[PDB]
Amino acid sequence: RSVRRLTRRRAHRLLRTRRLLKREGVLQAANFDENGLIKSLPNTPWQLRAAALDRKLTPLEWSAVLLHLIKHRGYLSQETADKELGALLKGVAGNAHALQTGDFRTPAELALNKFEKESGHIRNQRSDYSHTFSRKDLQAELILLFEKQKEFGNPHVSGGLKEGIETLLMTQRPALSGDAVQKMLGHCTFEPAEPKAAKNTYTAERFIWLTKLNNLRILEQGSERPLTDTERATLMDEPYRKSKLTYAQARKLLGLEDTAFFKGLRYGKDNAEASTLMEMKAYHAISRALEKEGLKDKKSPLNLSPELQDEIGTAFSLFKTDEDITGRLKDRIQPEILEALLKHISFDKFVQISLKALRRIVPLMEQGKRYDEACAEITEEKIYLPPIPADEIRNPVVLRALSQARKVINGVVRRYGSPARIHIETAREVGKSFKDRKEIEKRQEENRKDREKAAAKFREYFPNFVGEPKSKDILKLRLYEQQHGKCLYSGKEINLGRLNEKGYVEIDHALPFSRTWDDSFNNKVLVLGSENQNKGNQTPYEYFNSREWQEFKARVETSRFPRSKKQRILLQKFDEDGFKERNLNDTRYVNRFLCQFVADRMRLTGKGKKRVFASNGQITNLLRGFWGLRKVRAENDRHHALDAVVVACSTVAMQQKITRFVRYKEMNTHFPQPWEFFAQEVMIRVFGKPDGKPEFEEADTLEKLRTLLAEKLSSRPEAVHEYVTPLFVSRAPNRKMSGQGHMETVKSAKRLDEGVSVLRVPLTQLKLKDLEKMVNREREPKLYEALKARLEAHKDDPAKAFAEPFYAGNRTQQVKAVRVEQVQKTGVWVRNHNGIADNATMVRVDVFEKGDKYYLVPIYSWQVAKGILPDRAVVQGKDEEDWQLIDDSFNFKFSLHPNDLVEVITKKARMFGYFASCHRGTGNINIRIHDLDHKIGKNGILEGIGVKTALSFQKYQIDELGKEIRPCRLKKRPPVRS
RNA sequence: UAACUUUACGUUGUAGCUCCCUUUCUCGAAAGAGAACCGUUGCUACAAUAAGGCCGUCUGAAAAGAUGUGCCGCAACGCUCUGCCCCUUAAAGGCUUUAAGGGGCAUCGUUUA
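The first sequence maps to residues 66 to 143, 149 to 448, 458 to 624, 629 to 751, 770 to 908, 913 to 1083 in PDB author numbering.
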C-alpha cells in the first residue's frame, strides 16, 4: 500500500509539473505527444543543470532540468536511531559538507565531476547512499538556478512559475496527526474519553516501577516475604538518582549479603544480581538532553514538573516533525528548553492506559499496594458467545485462536444446548513473541539432546536394562548422584547397582502430594524403600520434629540440590490450600481473560458462581498419564481432543477423590478414574483403534466404530449411543478470492513465441547453473569462457568470483550484470504490457465432467481482477495455448477453493481429504489428510492424485465440529467478480 | 501487532551515446576498415512499478476540456446489508417452489480514505 501511494504521488507530482510548464508558457503547447508526455526531451539533464548556471538553456532543456529536479527532490529530515536510515543520513551530511566547503556551487556540478571521477556513475546503485542529496541543497539549487536564468535572460522566470515549482518541490502531506494516531490505539478502558498513554511518561514509568517493586519479594531460606515499607522507600527514588539501578546495587542498598535471595529472580544463573532491574528512560533522556547543552545541573534532580514531564513526553511522542512539536511545546515549554529537547529526544511506545486513570491508580501502587487489587479499588448474558473483542486481545495469533475457539463453542451450543461448565487448557506457545517461541524451541531441543546424552549414560551404567530408560529412571540416577549416594530420609548408603529392582529406592514427594498437588523436580527426593514406609501425610518438619531434623537439614544443605529444591524441601508452615490451588490453575493472561469473558457473556447451567476453569498444563499432563492415556506415537492432530477430554473431566469432585486416594496411599489398587475402561473408551473414540496400536485398521465409519466399541467394551453399557461418530478433524476453509496477483520480479517478454524470457542477473547472484543459460554464451564466447574460468576458480561463489571487477588486449568497459534467459511457458502481463511475471497462486479450480473424464480449469487472482472466467482446462504436458477449451458439452460439477473437502474414488483406492494444491504441469491435485497422519503421504499430504481418469470426484461440506459431512451440488458455474 | 510522511534503489519498456560481438554487404594478395538487422555491455533520461478500478473542483446543455498536498486494490475480524451453499419448520404443487427461522463461507460488511 505504501509503495503504491508513493509511486502514485510521484507520478502525480510530475504530471502537475508538466501541466504547470504548459500553463505558464514554456514548452509552449505542442511539444507533447498523444498522451501528454514531452516529445524528444533531452537526455542530459545533469549536464544541463551544471551548465544552467552559465547559459540560457532552451524551452526543452530548461523543462528537462526542472522535471529532473522534481523527480529527484532529495531527502528531508522530518534524529539518529537506525542503521540504514542512519547510513543514508551520514552520506547526505557528507555530501552537504562537500558542497558547502569545496570548490562546488551546487549538487549538479559537484555530482558530475566528483562522481564521474570517483566512480563513473551518478545515480546510486544496489543500496549505496553515497550520491544521495538532502532536499535543502536542491531547494537552494533551484532558487539559484532561477536567479541565474533571470540574469541570463530566460523568458520563463515568471513569479507564477517560481511559486508553483517551489511548492511542487517542497510540499509533502503531513505525517499522521495527534488525534488520528491517538485514535489508532483504543480509548482507555478506565476513562473511556481518554487515550492510551505513551510509555515515555513520568506517570507510566512510575507505574512500571511500582509494579516491579511491589511484585519483587525476598525469598529467605525457609520463608517468603516482600520488601518492607522501609526497603521500598529506600529503593523508591534510586532509578531517578542513578543512571540504572542494578540488582547488585539494590542488594548493597538493602545489605542482604547472604542466605537471603530475591524471589522472582533466576539465582541459578551466575552473577544474576548484575541485572539492569530498572532504568527510567524518559527522566534520564530529558536530563541528558538538557545537560548536553548547558541547561541542566549535572548531578542534581530534574526540576521540570511531574505533570509537565507527562505533557512533554506525550508531546514528543505525538508529533513526528519539528513544526508540530514546536507548536505544542512552544505553548508548553520555554524556548531554550524546548529547542534543547527538540535537538535530541526520540520517543515511541504507547502503554494501553489513560494518564488520567494512572494519576489515580499510581498512589495505590506507589505506597505499596498490589497490582491487580488497585484496579478493583478504582450484565448481558446470551446463549451464544459474542465475538472476541479485538481491543483487549492485541495479538493476531491469540485473536485467531480465540475466534476459532468461539466458533467451536457456538457450534457445540447450537447442536447440544448450553453447557453446564466450560474447562479450558491453553498451550504455552499462545501469547508469545515469535522471538520468545523461537527461543523456547531452541531450549526444548537442547533439553532433548541433554536427555539423550543422559540416556546413553544410563545405558552404559545399566547394560541389561530392559529397552530404553524412561523419565523416572533417569531422574532416579541423577538424584542418586545429587544426593552423594545416600538416601535422604535415613542417610543409609544406597547401592546404585540395583536401583531398578522394584521397591528398592523410591521417589518420594517431600511435601505430600495430597496436601500440595506438587510433583515438580523441586519436590521429589530419592529415599530408601524401607525407611519411606513410615512417613504418612507429613512434611519433613512434621516427621522429624531437634538435632535429628538438624542432621536432616545438614544432609539437604550438603547436597547438590539447587537452591529452590533445598528451600522447598525444608518448609514447615505454608498455606496448603493456596499451594494446591496454585499448582492446579494457570494464571496467564489468555486464560484469565477467557475465564472472565465466557463467565460474563455466556449463559451456563452451572452448579454455581464460577463454572469456568483454567487448567494448569502440568496437572492436565499428570491426569492424562494417571488415567492411562499414554503419550502417543502419532502425527495426529487428534491428540488435541484427547487432552480436551481430560480437562473436561477435571472437576472439583474428581480432584477431591484423587486427593483422598493419594492421602490413603501415602499412609498405606486403582488410581481413581472417571469411570471403568475410561482409557480404552476415550482411545477408541479418538483414534478409532484399540488404544494407540497403529497396526490395527481404523474404524472409519459409525458401523465399524460402534461394533468395535461393543466388542472391546462389552462390559460398558453407555459407551455406545446416538452421538458416537468417528472423529474427523475440521480444517477452517480459505475461500478468499483475493491476493498477490503475480510474482514480484518482472521479465522481458520479447522472445515469448518460443517459450523464454530474459532477466538482468547481477554477477553477485550469477551461479554456474544460471551461467550455463546466459543468452550470449554462444555469441560472446570470450566472455563466456572468461566468466566460466573465473567463477570456477572460486568454487561457484558468485560474489567472490565477481567481487573483482570483470571487464585492444587491455581492459574494456566493466560488467555489473548480464542478461540470462529463463523458461516461460505462461505468465501475467505487467508494467503496461511491457513485461511478464510468473503466476502467483491459484485462487480457484473449476471442475467439469464430460464422458467420465474430469477437467480442471485453474483460476488465478489476476484473472479475478481482470474478470476473465477462464476458458481452458489443463492437459498434462501441453503449454497453456494447447489446452481443452471448455464449452457446453462439459458438465460443471463444483469449484474448489484451497482447504475444501474432496473425495477422489479411483480404480486403485478411495482418497478423502482437504484439497491443498493443484499442480498445473500435471493436472493432478494434492490433498491434506484430515489429521495429517505422517504415515500417510509425505507429512499427511497425498501428492499427485490424478483426477482426469478417476471414477468419482466429488466435493463435500463440513462444519466447525466435523459433522454434517455431505456432498454438495452446485447449480451454475459461479463467476469471478460480482 | 494494527496505522503514517518521504527518500534512494532494483525490474521492465522506450530514446541518445557506448563495450563487445553472430551472420550478410562492400573493400583489400592477409590483417582488417566501414556498414545492415539483431543480440547485447555500460552511463544518462522518461514511462510503468501489482494484475485492476475510481472521485472531487472549475467552464460547458451536454460532449469533453481545465484541474488536484486527489482516492482504493495481496490483511484481520464479523454477519447489519448483498451473494453462494447447508439445515429446520409451515404452506402449495422422497422432487419443486415459497415463506419464516437458524447457520457456514465469501466475490458481502467494518477498520477504510
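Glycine is no exception: its CB is placed at the ideal position from the N, C-alpha and C atoms.
Residue nearest to residue i in terms of C-alpha spacing, selected from the options
i: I403; options: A480, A427, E381; result: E381
i: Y441; options: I278, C258, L667, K1060; result: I278
i: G842; options: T742, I941, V821; result: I941
i: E363; options: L408, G190, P309; result: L408
i: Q774; options: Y747, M784, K748, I741; result: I741
i: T458; options: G789, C1073, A682; result: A682
i: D943; options: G932, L365, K896; result: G932
i: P265; options: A151, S1057, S512, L255; result: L255
i: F680; options: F97, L809, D418, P468; result: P468
i: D1005; options: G1067, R832, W988; result: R832
i: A820; options: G856, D854, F744, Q781; result: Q781
i: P834; options: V935, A894, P1003; result: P1003
i: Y1061; options: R1082, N719, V1007; result: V1007
i: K813; options: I785, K794, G840, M838; result: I785
i: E327; options: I1050, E343, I448; result: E343
i: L558; options: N489, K571, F600; result: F600
i: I1050; options: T505, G338, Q981; result: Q981
Nearest-angstrom Cβ-Cβ length linking residue i and residue j, presumed shorter than 8 Å
i: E217; j: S424; result: With 8 Å as the limit, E217 and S424 do not qualify as a contact, their Cβ atoms being about 54 Å apart.
i: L132; j: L79; result: 7 Å
i: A945; j: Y965; result: 7 Å
i: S375; j: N270; result: 16 Å between Cβ atoms; not a contact.
i: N704; j: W596; result: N704 to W596, Cβ: 13 Å. No contact.
i: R684; j: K461; result: 7 Å
i: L605; j: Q562; result: 6 Å
i: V862; j: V923; result: 6 Å
i: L169; j: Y199; result: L169 to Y199, Cβ: 16 Å. No contact.
i: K390; j: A245; result: 5 Å
i: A320; j: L305; result: 6 Å
i: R287; j: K333; result: 5 Å
i: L556; j: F537; result: 6 Å
Nonlocal neighbours in the same chain, by C-beta distance under 8 Å from residue i, ignoring five residues either side
i: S816; result: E777, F778
i: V251; result: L388
i: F1058; result: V952, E954, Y959, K998, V1007, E1008, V1009, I1010, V1052
Beta-carbon spacing of residue i, residue j below 8 Å
i: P827; j: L806; result: yes
i: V830; j: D1036; result: yes
i: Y272; j: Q437; result: no
i: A94; j: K87; result: yes
i: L864; j: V920; result: yes
i: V729; j: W710; result: yes
i: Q219; j: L239; result: no
i: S313; j: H257; result: no
i: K1053; j: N996; result: no
i: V952; j: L990; result: no
i: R500; j: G689; result: yes
i: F635; j: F644; result: no
i: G856; j: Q929; result: yes
i: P899; j: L888; result: no
i: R577; j: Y568; result: no
Sequence-distant residues of the same chain with beta carbon closer than 6 Å to residue i, five excluded per side
i: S370; result: none
i: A268; result: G383, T384, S387, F420
i: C445; result: none
i: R686; result: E460, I462, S497
i: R594; result: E659
i: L360; result: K366, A410
Sequence-distant residues of its chain with Cβ nearer than 7 Å to residue i (five each side left out)
i: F97; result: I103, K104
Ignoring anything shorter than 4 residues, give me the alpha helix (DSSP H) runs that lie fully in the region 330-400, in order along the chain.
Complete alpha helix (DSSP H) runs here, min 4: 351-361, 376-388.
Enumerate, from N- to C-terminal direction, the unbroken beta strand (DSSP E) stretches of 3 or more residues contained entirely within the region 951-1036.
The qualifying runs are 959-965, 996-1001, 1006-1010, 1015-1023, 1029-1033.
For the region 494-559, which segments carrying the beta strand (DSSP E) assignment without a break, of at least 3 residues, lie completely within its bounds, in sequence order?
Runs of the beta strand (DSSP E) inside the region 494-559: 501-503.
Quick one: which unbroken alpha helix (DSSP H) runs of 4-plus residues sit fully inside the region 212-267? Chain order, please.
Fully enclosed alpha helix (DSSP H) runs of 4 or longer: 229-240, 248-254.
So within the region 804-891, which uninterrupted alpha helix (DSSP H) runs reach at least 4 residues, ignoring any that extend past its ends?
List check, alpha helix (DSSP H) in window: 869-872.
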